[PDB]
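Asker: Can you read through this structure? Questions will come right after.
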Amino acid sequence: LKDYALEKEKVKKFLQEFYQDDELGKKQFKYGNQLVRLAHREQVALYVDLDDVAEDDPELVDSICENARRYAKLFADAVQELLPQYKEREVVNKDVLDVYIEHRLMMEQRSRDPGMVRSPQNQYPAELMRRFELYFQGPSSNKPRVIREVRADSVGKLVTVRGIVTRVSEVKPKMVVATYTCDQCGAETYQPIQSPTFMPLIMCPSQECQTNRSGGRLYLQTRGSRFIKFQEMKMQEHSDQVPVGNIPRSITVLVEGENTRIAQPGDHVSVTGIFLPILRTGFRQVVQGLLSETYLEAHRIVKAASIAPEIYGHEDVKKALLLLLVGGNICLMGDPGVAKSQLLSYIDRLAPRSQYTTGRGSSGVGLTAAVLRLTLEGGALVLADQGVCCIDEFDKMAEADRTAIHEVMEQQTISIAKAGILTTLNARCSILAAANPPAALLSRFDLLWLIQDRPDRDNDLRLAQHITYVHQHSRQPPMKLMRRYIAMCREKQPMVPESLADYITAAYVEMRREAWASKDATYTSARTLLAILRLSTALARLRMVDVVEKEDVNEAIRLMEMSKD
Amino acid sequence: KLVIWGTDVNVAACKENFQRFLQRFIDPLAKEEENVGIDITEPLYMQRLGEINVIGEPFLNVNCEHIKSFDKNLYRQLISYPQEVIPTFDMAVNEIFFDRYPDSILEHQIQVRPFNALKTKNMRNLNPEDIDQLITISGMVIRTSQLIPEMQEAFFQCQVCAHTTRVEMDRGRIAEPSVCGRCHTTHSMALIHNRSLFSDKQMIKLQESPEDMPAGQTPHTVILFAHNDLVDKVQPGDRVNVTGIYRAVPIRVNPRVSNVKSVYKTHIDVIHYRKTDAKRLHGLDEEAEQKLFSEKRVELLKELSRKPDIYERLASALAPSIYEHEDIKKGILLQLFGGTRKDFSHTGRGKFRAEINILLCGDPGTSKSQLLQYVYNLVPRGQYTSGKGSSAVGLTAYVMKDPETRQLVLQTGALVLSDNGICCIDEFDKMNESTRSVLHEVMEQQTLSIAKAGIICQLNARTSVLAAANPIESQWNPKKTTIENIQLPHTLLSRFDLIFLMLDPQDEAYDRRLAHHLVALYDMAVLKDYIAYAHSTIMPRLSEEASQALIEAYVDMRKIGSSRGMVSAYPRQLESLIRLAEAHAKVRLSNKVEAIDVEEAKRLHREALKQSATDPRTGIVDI
DNA sequence: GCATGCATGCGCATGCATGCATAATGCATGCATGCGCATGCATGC
Ligand SMILES: Nc1ncnc2c1ncn2[C@@H]1O[C@H](COP(=O)(O)OP(=O)(O)O)[C@@H](O)[C@H]1O
Ligand SMILES: [Mg+2]
Ligand SMILES: [Zn+2]
Ligand SMILES: [Zn+2]
């Protein structure tokens, strides 16, 4: 064991030392600038990398890994001691909490002489005056672990995990230190909290009440108290790491002030945390002794082009898929044996926000939302808000699910009115559907693609060659960039000029006239014109042009013609 | 003291500031539109105090933005520390009131109530920095509990010598004397509840309607606590604005122990209620009061009503972004005006439905859904249901138990929240027979009867229905008749006042106009005031000429609808004609229904069903 | 495809074995010392 004073001094010198890294290509005092910002209310939390510390001392890193909480507290105290040195000016604008801190420090200077004896209980709690939080970043050398294998050997260690989010709690304030005022004195009493539950005090420990033996009684205050942001997270294993025949395991995470509001249900996250237990008191058990429940305390959470190049053919369908991803509802009907499911899988993997449903497995409560112990939790349609949703084997779905899907496509909101639930849910998502061989699809959807397997010898032979190549060389014959391109594209919004309207109008009229000439035609309406306008706007957005052009309209017309034929 | 601990507030400085501001403030931008009944050239708040002296209401309402306009320090100090600021404002106002108007009789002194704090933020964006600060809310009330009495001053009696004392609550706790005051006996003082003083409390649950919405956020429920006169100022289904403080309370581990949990609860302490809104129509609360001080607007609207085309103009002004379908918009306007609410209790017949139910049947590739969306967003007390998403118990009311208290026996559903409002039903075909059974009684009797275990009650459901439907094949197949295309029982169909058969004529002029309008897509207040005035100031009545015209229309309708293939007529269509005639009479601001109104109602009834173009002996629509 | 049957499913009440919380007073014993007694030593005359 080593004395904490020496390591505290080492921490202080490490914070004062580093000059190395700068983004603009120079040598910049990073931690000094961070501390100067911390001096005032220009930064309310600080993150420390354990890769930068590894340059000078690895034993510090190991001791931090095995005894993380103590080192977190030591770091907090060291930074708090360093703060007065770097301070250069008073606060330009301050809020209520700063007003208490300043007033308390001012009267502490007013009253306390340097020589008088002060009881250990007479000091201010450290965390009450402090207003900055310290968190750690996991070592790059350290390998992320699996939820299944963290056990009693890992209690108290520093770990890094990767998982899928399933449950998130709404933000609520959590008590840190409670403040009490006596009934017959001007003194203030502070009660730190480090337990799930606590018992409020009654009598006043202040010196004046003790000397007079007045028996004054304490009262809580909320303004003087310190509160923090608190969230609760549920994570599960990836399907890849589950052993044979088992079921994914779950873990619970707790989230602090600035880390709050980072993750959403359904996201894949990487969490740097400390593995700590909770002493459990409750119903009696078989085995005597001290049992506990484990949980994780987080300190950092981190979340034309070729589309599905493995699948041969369907180039126009791929262009339509690109347009749907870029944005301004697509349905595919095909014979069995044509890979429609794999296109939907690729779409789900590519999209940032996406969901993929297979049929009756996610039917009913899997869609819409339900009430659970009370909080309302949404289904796939709710999760895919402002994303893209994918549905396979559409015709096999129950009628209620199809009605809900139609409502989402047309109205873009869901309405639920049943015993215990009365809500309207926002679902601004575009739908891609797959099915096997109706007027509803033609009337409601925007674009339908019919894939018929005509046994042409040349096409079949080329498909066979491509499949053999894929199976043998495990690569197509000769996503991050695509995601970045789509993100940059969606930033702009082109506009339709006044003149082109006439041209568009003419086209529409002529199209309808042809549809009226061909009595075998089925649907033309203003919805088709709206779809054409949306496709042209999407193409103009792809060109990053401010004004809609002729080529976009021609390509949209050609795509609609190809789909209809 | 110069400043208060934990703050920067000075009492005397703020008192003088408020007293000066109550006499100095003048704003030129606030015209007669909102500076209503007040001489603008004079200071506003002093005139408000004078009006209070005239009426004697012990409460004054203050807009925050006016105070911010006067100065920023007072605004920030009022927002940050309401507790140290409002009591100063009370006495600052009271001194001025008593000085300027001496010996005016009041039961208690003046209390000031701020309102309209500029916050357009999502409630989930709140932070601990904002605990105990003044915030605004826009929402809809869904649950209100019963009143709770909470003590303010306790009464004690000596069990030995009948000596009685009163103890005032301080810091939320009552300290009962342990020794008497005349016999000095210890612990002889007993507490008597009925002799004490109590105050009213109410808990309200509100549903959020945020302006800004992130991705994938579920709806929210907010808990509000209302005290004293604020009780019973809102009802379920009402859309209101609320101004109040944001609080935090600890939670016990279990009711039998005093331990508390570390994670705190939260709620909001209501200070002010507001009903006005600049997007939706006026509610029934303001209509029942004489607040039409704007005689200029009254004269303007009464002069407008005499112009001939105003009817069409209203049909034009109901929806600027909607297409040439003027008949549909006229029907919706007549629905908005509604028929006269006569009283027939002395007759023994029961309630008579005075509202208008409309049906729109057509292909999905039309704009009926947009019309339903616009009507939902335009009228207060609006609800929207779609197809199989709702159940029979989801409507009307359902049995519950409180998650916070012991019981809440019954909770209202979609239809009851729509009382005196509008309910828009979409995908009416997919609804099962179980829910249509409820609709059968709702659409006619205006009441609901519920009889379950320990729960027998009758509720009011005075709603108006806008229903949308599709053809069975999703196409209007011309070979099949109208009844075969719709596929609904005649009992359900007969109760609809108007039925709109949307059909596609494929006219070139229609295509050109719609294309030009849609591509080119790339006074509301006057309408609101006119609608409110007409809806709240005139009772239509009809003479014998209208009576005989209605009878002739009824027999003609029976003659026309006798032939099979078309929708047959029933006696309820006569009442539908009466309601439409009364609505049209309301449009013209006329207390007397003329034959013009009856003829217009007949014209709308004939045109809605397209009976002119329809072949009377085959039931097939032609062009 | 629509009308009906129905095996599954959920939330709050009571009944019953284990388990949890409470909580000074009266009587006895050995050390210190007074009071009566007989032996015995030392001191006169
Ligand atoms: N154009 C194609 N290119 C490559 N492989 C294909 C193609 N079409 C079909 N396949 C193969 O055939 C299989 C089709 O199965 P699946 O996509 O599940 O059919 P469906 O989606 O109709 O149920 C896939 O495993 C895929 O590998
Ligand atoms: Mg498939
Ligand atoms: Zn004290
Ligand atoms: Zn007494």
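Chain labels follow the order of the structure tokens: the first chain is A, the next B, and so on; residue numbering restarts at 1 in every chain, and ligands are counted from 1 in their shown order.
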Would you mind listing, for every residue of chain A within 6 Å of chain B, the two atoms forming the shortest contact and the distance between them in Å to one decimal, using only C-alpha atoms, sorted by chain and ascending residue number, as a Markdown table?

Answerer:
```
| residue | atom | partner | partner_atom | distance |
| --- | --- | --- | --- | --- |
| A:99 | CA | B:6 | CA | 5.6 |
| A:100 | CA | B:6 | CA | 4.8 |
| A:173 | CA | B:264 | CA | 5.8 |
| A:174 | CA | B:263 | CA | 4.7 |
| A:175 | CA | B:262 | CA | 5.8 |
| A:196 | CA | B:262 | CA | 5.6 |
| A:197 | CA | B:261 | CA | 4.6 |
| A:198 | CA | B:260 | CA | 5.9 |
| A:199 | CA | B:259 | CA | 5.1 |
| A:383 | CA | B:216 | CA | 5.9 |
| A:385 | CA | B:216 | CA | 5.3 |
| A:416 | CA | B:389 | CA | 5.4 |
| A:417 | CA | B:390 | CA | 4.6 |
| A:418 | CA | B:394 | CA | 3.7 |
| A:419 | CA | B:394 | CA | 4.9 |
| A:439 | CA | B:474 | CA | 5.9 |
| A:505 | CA | B:515 | CA | 5.7 |
```

Asker: Counting only C-alpha atoms (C1' of nucleotides) and all ligand atoms, what are the residues, protein, DNA or RNA alike, that approach ligand 4 to within 12 Å? I want them as a ChimeraX atom specification.

Answerer: /B:156-165,177-190

Asker: May I ask you to extract the residues of chain A within 12 Å of chain C, using only C-alpha atoms (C1' of nucleotides), and to give them as a ChimeraX atom specification?

Answerer: /A:283-284,399

Asker: Those residues you just picked out, can you put them in a file as a PDB file, in the first residue's frame with N, CA, C and O atoms?

Answerer:
```pdb
ATOM      1  N   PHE A 283     -36.491  -9.370   2.091  1.00  0.00           N
ATOM      2  CA  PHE A 283     -37.041 -10.673   2.435  1.00  0.00           C
ATOM      3  C   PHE A 283     -35.929 -11.642   2.815  1.00  0.00           C
ATOM      4  O   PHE A 283     -34.830 -11.609   2.256  1.00  0.00           O
ATOM      5  N   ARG A 284     -36.227 -12.505   3.782  1.00  0.00           N
ATOM      6  CA  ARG A 284     -35.246 -13.458   4.277  1.00  0.00           C
ATOM      7  C   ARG A 284     -34.899 -14.472   3.195  1.00  0.00           C
ATOM      8  O   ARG A 284     -35.704 -14.769   2.309  1.00  0.00           O
ATOM      9  N   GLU A 399     -54.861  -7.940 -39.552  1.00  0.00           N
ATOM     10  CA  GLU A 399     -55.517  -6.756 -40.099  1.00  0.00           C
ATOM     11  C   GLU A 399     -55.244  -5.518 -39.254  1.00  0.00           C
ATOM     12  O   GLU A 399     -55.081  -4.417 -39.793  1.00  0.00           O
TER      13      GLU A 399
END
```

Asker: Distance limit 12 Å, reference ligand 3, atoms considered: only C-alpha atoms (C1' of nucleotides) and all ligand atoms. Which residues make the cut? Give them as a list in words.

Answerer: residues 180, 181, 182, 183, 184, 185, 186, 187, 188, 189, 202, 203, 204, 205, 206, 207, 208, 209, 210, 211, 212, 213, 214, 215, 216, 217, 218 and 219 of chain A

Asker: Just the selected residues (N, CA, C and O atoms), exported as an mmCIF file, in the first residue's frame, please.

Answerer:
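Listing of out.cif after writing:
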```cif
data_model
loop_
_atom_site.group_PDB
_atom_site.id
_atom_site.type_symbol
_atom_site.label_atom_id
_atom_site.label_comp_id
_atom_site.auth_asym_id
_atom_site.auth_seq_id
_atom_site.Cartn_x
_atom_site.Cartn_y
_atom_site.Cartn_z
ATOM 1 N N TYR A 180 -30.175 21.600 6.330
ATOM 2 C CA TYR A 180 -31.096 21.756 7.443
ATOM 3 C C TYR A 180 -30.887 23.123 8.074
ATOM 4 O O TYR A 180 -29.754 23.601 8.174
ATOM 5 N N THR A 181 -31.978 23.740 8.513
ATOM 6 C CA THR A 181 -31.924 24.963 9.304
ATOM 7 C C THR A 181 -32.572 24.721 10.662
ATOM 8 O O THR A 181 -33.637 24.100 10.745
ATOM 9 N N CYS A 182 -31.912 25.186 11.723
ATOM 10 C CA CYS A 182 -32.435 25.022 13.070
ATOM 11 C C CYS A 182 -33.629 25.940 13.295
ATOM 12 O O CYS A 182 -33.813 26.950 12.613
ATOM 13 N N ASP A 183 -34.443 25.571 14.279
ATOM 14 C CA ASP A 183 -35.625 26.348 14.618
ATOM 15 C C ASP A 183 -35.292 27.627 15.374
ATOM 16 O O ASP A 183 -36.067 28.587 15.309
ATOM 17 N N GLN A 184 -34.159 27.667 16.086
ATOM 18 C CA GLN A 184 -33.850 28.802 16.947
ATOM 19 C C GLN A 184 -32.428 29.326 16.760
ATOM 20 O O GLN A 184 -31.854 29.874 17.707
ATOM 21 N N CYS A 185 -31.839 29.174 15.576
ATOM 22 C CA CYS A 185 -30.483 29.649 15.347
ATOM 23 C C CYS A 185 -30.280 29.904 13.862
ATOM 24 O O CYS A 185 -31.056 29.446 13.020
ATOM 25 N N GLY A 186 -29.223 30.648 13.551
ATOM 26 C CA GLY A 186 -28.855 30.935 12.181
ATOM 27 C C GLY A 186 -27.881 29.969 11.546
ATOM 28 O O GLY A 186 -27.439 30.205 10.419
ATOM 29 N N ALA A 187 -27.528 28.887 12.235
ATOM 30 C CA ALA A 187 -26.568 27.935 11.702
ATOM 31 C C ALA A 187 -27.223 27.019 10.672
ATOM 32 O O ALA A 187 -28.446 26.879 10.608
ATOM 33 N N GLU A 188 -26.381 26.384 9.863
ATOM 34 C CA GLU A 188 -26.816 25.490 8.800
ATOM 35 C C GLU A 188 -26.173 24.127 9.001
ATOM 36 O O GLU A 188 -24.983 24.041 9.316
ATOM 37 N N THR A 189 -26.955 23.066 8.824
ATOM 38 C CA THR A 189 -26.480 21.702 9.012
ATOM 39 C C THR A 189 -26.496 20.961 7.682
ATOM 40 O O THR A 189 -27.429 21.109 6.893
ATOM 41 N N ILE A 202 -33.424 15.352 13.250
ATOM 42 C CA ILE A 202 -34.388 16.089 14.062
ATOM 43 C C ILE A 202 -33.732 17.246 14.811
ATOM 44 O O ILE A 202 -34.086 18.411 14.596
ATOM 45 N N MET A 203 -32.781 16.944 15.688
ATOM 46 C CA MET A 203 -32.206 17.944 16.577
ATOM 47 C C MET A 203 -31.014 18.641 15.926
ATOM 48 O O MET A 203 -30.411 18.139 14.979
ATOM 49 N N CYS A 204 -30.668 19.814 16.466
ATOM 50 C CA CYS A 204 -29.640 20.668 15.872
ATOM 51 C C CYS A 204 -28.283 20.411 16.522
ATOM 52 O O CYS A 204 -28.156 20.563 17.745
ATOM 53 N N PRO A 205 -27.258 20.018 15.761
ATOM 54 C CA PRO A 205 -25.913 19.870 16.330
ATOM 55 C C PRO A 205 -25.133 21.173 16.454
ATOM 56 O O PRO A 205 -23.936 21.123 16.757
ATOM 57 N N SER A 206 -25.757 22.320 16.215
ATOM 58 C CA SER A 206 -25.036 23.583 16.240
ATOM 59 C C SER A 206 -24.568 23.921 17.651
ATOM 60 O O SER A 206 -25.194 23.546 18.644
ATOM 61 N N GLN A 207 -23.450 24.653 17.727
ATOM 62 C CA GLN A 207 -22.819 24.919 19.018
ATOM 63 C C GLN A 207 -23.698 25.782 19.912
ATOM 64 O O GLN A 207 -23.745 25.576 21.129
ATOM 65 N N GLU A 208 -24.379 26.774 19.337
ATOM 66 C CA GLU A 208 -25.215 27.655 20.148
ATOM 67 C C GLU A 208 -26.379 26.892 20.767
ATOM 68 O O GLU A 208 -26.685 27.066 21.953
ATOM 69 N N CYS A 209 -27.036 26.038 19.979
ATOM 70 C CA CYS A 209 -28.123 25.224 20.512
ATOM 71 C C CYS A 209 -27.619 24.273 21.589
ATOM 72 O O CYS A 209 -28.336 23.979 22.551
ATOM 73 N N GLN A 210 -26.394 23.767 21.433
ATOM 74 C CA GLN A 210 -25.817 22.890 22.447
ATOM 75 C C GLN A 210 -25.540 23.648 23.740
ATOM 76 O O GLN A 210 -25.855 23.169 24.835
ATOM 77 N N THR A 211 -24.942 24.837 23.631
ATOM 78 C CA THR A 211 -24.607 25.615 24.819
ATOM 79 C C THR A 211 -25.859 26.066 25.559
ATOM 80 O O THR A 211 -25.922 25.980 26.790
ATOM 81 N N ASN A 212 -26.866 26.546 24.831
ATOM 82 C CA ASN A 212 -28.115 26.938 25.469
ATOM 83 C C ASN A 212 -28.987 25.747 25.838
ATOM 84 O O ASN A 212 -29.885 25.898 26.673
ATOM 85 N N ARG A 213 -28.733 24.576 25.252
ATOM 86 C CA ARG A 213 -29.593 23.403 25.406
ATOM 87 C C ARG A 213 -31.043 23.752 25.080
ATOM 88 O O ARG A 213 -31.981 23.364 25.779
ATOM 89 N N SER A 214 -31.218 24.506 23.992
ATOM 90 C CA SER A 214 -32.544 24.992 23.629
ATOM 91 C C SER A 214 -33.424 23.882 23.075
ATOM 92 O O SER A 214 -34.650 23.942 23.211
ATOM 93 N N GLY A 215 -32.828 22.868 22.456
ATOM 94 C CA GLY A 215 -33.618 21.824 21.841
ATOM 95 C C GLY A 215 -34.255 22.207 20.529
ATOM 96 O O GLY A 215 -35.356 21.737 20.228
ATOM 97 N N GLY A 216 -33.606 23.061 19.742
ATOM 98 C CA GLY A 216 -34.164 23.432 18.456
ATOM 99 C C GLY A 216 -34.215 22.251 17.508
ATOM 100 O O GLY A 216 -33.412 21.321 17.591
ATOM 101 N N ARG A 217 -35.173 22.296 16.588
ATOM 102 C CA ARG A 217 -35.426 21.198 15.669
ATOM 103 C C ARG A 217 -35.132 21.628 14.238
ATOM 104 O O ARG A 217 -35.408 22.765 13.844
ATOM 105 N N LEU A 218 -34.566 20.706 13.465
ATOM 106 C CA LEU A 218 -34.131 21.003 12.109
ATOM 107 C C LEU A 218 -35.285 20.927 11.120
ATOM 108 O O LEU A 218 -36.265 20.209 11.327
ATOM 109 N N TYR A 219 -35.158 21.696 10.038
ATOM 110 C CA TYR A 219 -36.055 21.615 8.893
ATOM 111 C C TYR A 219 -35.217 21.499 7.626
ATOM 112 O O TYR A 219 -34.180 22.154 7.503
#
```

Asker: So which residues are near ligand 2, meaning at most 8 Å away with only C-alpha atoms (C1' of nucleotides) and all ligand atoms counted, given back as a list in words?

Answerer: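 Selection of residues at most 8 Å from ligand 2: residues 336, 337, 339, 340, 341, 342, 392, 393 and 434 of chain A.
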
Asker: Using only C-alpha atoms (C1' of nucleotides) and all ligand atoms, what are the residues with an atom within 10 Å of ligand 1, set out as a short mmCIF file (atom, residue, chain, number, x, y, z; two decimals) with N, CA and C atoms, in the first residue's frame?

Answerer:
```cif
data_model
loop_
_atom_site.label_atom_id
_atom_site.label_comp_id
_atom_site.auth_asym_id
_atom_site.auth_seq_id
_atom_site.Cartn_x
_atom_site.Cartn_y
_atom_site.Cartn_z
N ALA A 308 -26.26 -2.48 -51.44
CA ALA A 308 -26.26 -3.94 -51.44
C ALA A 308 -25.56 -4.50 -52.68
N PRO A 309 -24.25 -4.29 -52.81
CA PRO A 309 -23.55 -4.76 -54.01
C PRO A 309 -23.54 -6.27 -54.17
N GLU A 310 -23.81 -7.01 -53.10
CA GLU A 310 -23.85 -8.46 -53.19
C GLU A 310 -25.00 -8.96 -54.05
N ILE A 311 -26.13 -8.26 -54.08
CA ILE A 311 -27.30 -8.67 -54.85
C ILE A 311 -27.15 -8.17 -56.27
N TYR A 312 -27.29 -9.08 -57.23
CA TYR A 312 -27.15 -8.74 -58.64
C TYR A 312 -28.47 -8.23 -59.21
N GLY A 313 -28.39 -7.19 -60.04
CA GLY A 313 -29.56 -6.65 -60.69
C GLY A 313 -30.30 -5.64 -59.83
N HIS A 314 -31.53 -5.34 -60.26
CA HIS A 314 -32.43 -4.42 -59.57
C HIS A 314 -31.84 -3.02 -59.43
N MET A 333 -43.31 -6.36 -54.27
CA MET A 333 -44.01 -7.63 -54.37
C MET A 333 -43.24 -8.54 -55.32
N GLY A 334 -42.91 -9.74 -54.86
CA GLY A 334 -42.06 -10.59 -55.66
C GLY A 334 -42.35 -12.06 -55.47
N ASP A 335 -41.97 -12.84 -56.48
CA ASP A 335 -42.08 -14.29 -56.40
C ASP A 335 -41.05 -14.83 -55.42
N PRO A 336 -41.33 -15.96 -54.78
CA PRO A 336 -40.36 -16.53 -53.84
C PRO A 336 -39.09 -16.95 -54.56
N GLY A 337 -37.97 -16.83 -53.85
CA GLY A 337 -36.67 -17.11 -54.41
C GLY A 337 -35.89 -15.88 -54.83
N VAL A 338 -36.55 -14.74 -54.97
CA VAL A 338 -35.87 -13.48 -55.25
C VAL A 338 -35.59 -12.81 -53.92
N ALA A 339 -34.35 -12.37 -53.72
CA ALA A 339 -33.94 -11.88 -52.42
C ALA A 339 -34.54 -10.51 -52.12
N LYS A 340 -35.75 -10.51 -51.56
CA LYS A 340 -36.34 -9.25 -51.11
C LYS A 340 -36.01 -8.99 -49.65
N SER A 341 -35.87 -10.05 -48.86
CA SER A 341 -35.56 -9.88 -47.44
C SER A 341 -34.17 -9.30 -47.24
N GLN A 342 -33.21 -9.68 -48.09
CA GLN A 342 -31.84 -9.21 -47.91
C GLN A 342 -31.72 -7.72 -48.20
N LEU A 343 -32.50 -7.20 -49.15
CA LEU A 343 -32.52 -5.76 -49.37
C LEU A 343 -33.03 -5.02 -48.14
N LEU A 344 -34.09 -5.54 -47.51
CA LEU A 344 -34.60 -4.92 -46.29
C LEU A 344 -33.58 -5.01 -45.16
N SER A 345 -32.86 -6.13 -45.06
CA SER A 345 -31.80 -6.25 -44.06
C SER A 345 -30.70 -5.22 -44.29
N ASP A 392 -41.23 -7.25 -43.37
CA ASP A 392 -41.13 -8.41 -44.23
C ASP A 392 -42.40 -9.26 -44.13
N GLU A 393 -42.76 -9.88 -45.25
CA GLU A 393 -43.99 -10.67 -45.35
C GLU A 393 -45.20 -9.85 -44.92
N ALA A 434 -42.17 -5.63 -47.86
CA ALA A 434 -41.95 -6.75 -48.77
C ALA A 434 -43.13 -7.71 -48.71
N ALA A 435 -43.51 -8.27 -49.86
CA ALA A 435 -44.66 -9.16 -49.91
C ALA A 435 -44.58 -10.05 -51.14
N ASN A 436 -45.45 -11.10 -51.15
CA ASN A 436 -45.69 -12.10 -52.16
C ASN A 436 -47.06 -11.89 -52.81
N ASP A 453 -40.03 -13.38 -61.82
CA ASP A 453 -38.89 -14.23 -62.16
C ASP A 453 -39.15 -14.86 -63.53
N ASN A 459 -29.77 -14.16 -68.10
CA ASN A 459 -29.87 -13.57 -66.77
C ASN A 459 -29.65 -14.61 -65.69
N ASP A 460 -30.23 -15.80 -65.86
CA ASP A 460 -30.05 -16.86 -64.87
C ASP A 460 -28.59 -17.31 -64.80
N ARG A 462 -25.91 -15.50 -65.53
CA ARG A 462 -25.14 -14.44 -64.87
C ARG A 462 -25.40 -14.43 -63.37
N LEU A 463 -26.65 -14.66 -62.96
CA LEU A 463 -26.95 -14.75 -61.53
C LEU A 463 -26.23 -15.93 -60.89
N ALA A 464 -26.18 -17.07 -61.59
CA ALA A 464 -25.45 -18.22 -61.08
C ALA A 464 -23.96 -17.92 -60.94
N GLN A 465 -23.38 -17.25 -61.94
CA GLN A 465 -21.97 -16.89 -61.86
C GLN A 465 -21.71 -15.96 -60.69
N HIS A 466 -22.58 -14.97 -60.49
CA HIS A 466 -22.41 -14.04 -59.37
C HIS A 466 -22.52 -14.76 -58.04
N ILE A 467 -23.48 -15.68 -57.91
CA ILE A 467 -23.65 -16.39 -56.65
C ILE A 467 -22.45 -17.30 -56.37
N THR A 468 -21.94 -17.97 -57.41
CA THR A 468 -20.74 -18.79 -57.22
C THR A 468 -19.55 -17.94 -56.81
N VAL A 470 -19.71 -15.12 -55.14
CA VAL A 470 -19.95 -14.70 -53.76
C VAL A 470 -19.62 -15.83 -52.80
N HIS A 471 -20.07 -17.04 -53.12
CA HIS A 471 -19.86 -18.16 -52.21
C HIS A 471 -18.40 -18.58 -52.15
#
```

Asker: As JSON, numbers by chain, which residues of region 402-476 of chain A does DSSP assign to helix (DSSP H, G or I)?

Answerer: {"A": [402, 403, 404, 405, 406, 407, 408, 409, 410, 439, 440, 441, 442, 443, 444, 457, 458, 459, 460, 461, 462, 463, 464, 465, 466, 467, 468, 469, 470, 471, 472, 473]}

Asker: Select residues of chain C: the criterion is any atom within 12 Å of an atom of chain B, counting only C-alpha atoms (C1' of nucleotides); output as a PyMOL selection string.

Answerer: chain C and resi 2-3+11-12

Asker: Export C-alpha atoms (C1' of nucleotides) of the chosen residues as a PDB file, in the first residue's frame?

Answerer:
```pdb
ATOM      1  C1'  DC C   2     -67.021 -12.435 -40.153  1.00  0.00           C
ATOM      2  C1'  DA C   3     -69.126 -14.192 -35.868  1.00  0.00           C
ATOM      3  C1'  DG C  11     -54.220  -6.764 -10.147  1.00  0.00           C
ATOM      4  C1'  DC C  12     -55.904  -6.377  -4.765  1.00  0.00           C
TER       5       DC C  12
END
```

Asker: At what distance in Å, to one decimal, does CA of residue 91 (chain B) lie from CA of residue 9 (chain B)?

Answerer: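 If I compute the distance from CA of residue 9 (chain B) to CA of residue 91 (chain B), I get 16.2 Å.
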
Asker: At a cut-off of 12 Å, using only C-alpha atoms (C1' of nucleotides), what residues contact residue 608 (chain B)? Leave out same-chain residues fewer than 4 positions from it and give the result as JSON, numbers by chain.

Answerer: {"B": [325, 326, 327, 328, 329, 330, 331, 358, 359, 360, 361, 496, 497, 498, 499, 500, 501, 502, 503, 601, 602, 603, 604, 612, 613, 614]}

Asker: With a distance cut-off of 10 Å and only C-alpha atoms (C1' of nucleotides), select the neighbouring residues of region 386-391 of chain A, excluding the residue or stretch itself and same-chain residues fewer than 5 positions from it, and output the selection as a count of residues only.

Answerer: 38

Asker: Give me, as an mmCIF file with C-alpha atoms, in the first residue's frame, all polymer residues having an atom no more than 10 Å from region 490-495 of chain B, counting only C-alpha atoms (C1' of nucleotides) and skipping those fewer than 6 positions away in the same chain.

Answerer:
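Contents of the output file around28.cif:
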```cif
data_model
loop_
_atom_site.group_PDB
_atom_site.id
_atom_site.type_symbol
_atom_site.label_atom_id
_atom_site.label_comp_id
_atom_site.auth_asym_id
_atom_site.auth_seq_id
_atom_site.Cartn_x
_atom_site.Cartn_y
_atom_site.Cartn_z
ATOM 1 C CA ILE B 356 -74.337 17.749 -36.967
ATOM 2 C CA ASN B 357 -72.707 14.430 -37.886
ATOM 3 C CA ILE B 358 -71.073 14.189 -41.313
ATOM 4 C CA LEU B 359 -69.684 11.277 -43.341
ATOM 5 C CA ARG B 436 -70.592 0.416 -33.373
ATOM 6 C CA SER B 437 -72.997 -0.764 -30.670
ATOM 7 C CA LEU B 439 -71.861 4.538 -31.349
ATOM 8 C CA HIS B 440 -75.525 3.664 -31.926
ATOM 9 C CA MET B 443 -74.986 9.314 -31.903
ATOM 10 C CA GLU B 444 -78.643 9.742 -30.905
ATOM 11 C CA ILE B 483 -75.253 0.710 -50.884
ATOM 12 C CA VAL B 567 -80.045 5.191 -49.881
ATOM 13 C CA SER B 568 -83.601 5.229 -48.550
ATOM 14 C CA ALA B 569 -85.005 8.107 -46.510
ATOM 15 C CA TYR B 570 -86.229 8.063 -42.913
ATOM 16 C CA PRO B 571 -87.961 10.559 -40.596
ATOM 17 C CA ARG B 572 -84.622 11.580 -39.037
ATOM 18 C CA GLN B 573 -83.741 13.306 -42.318
ATOM 19 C CA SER B 576 -81.400 16.891 -40.186
#
```
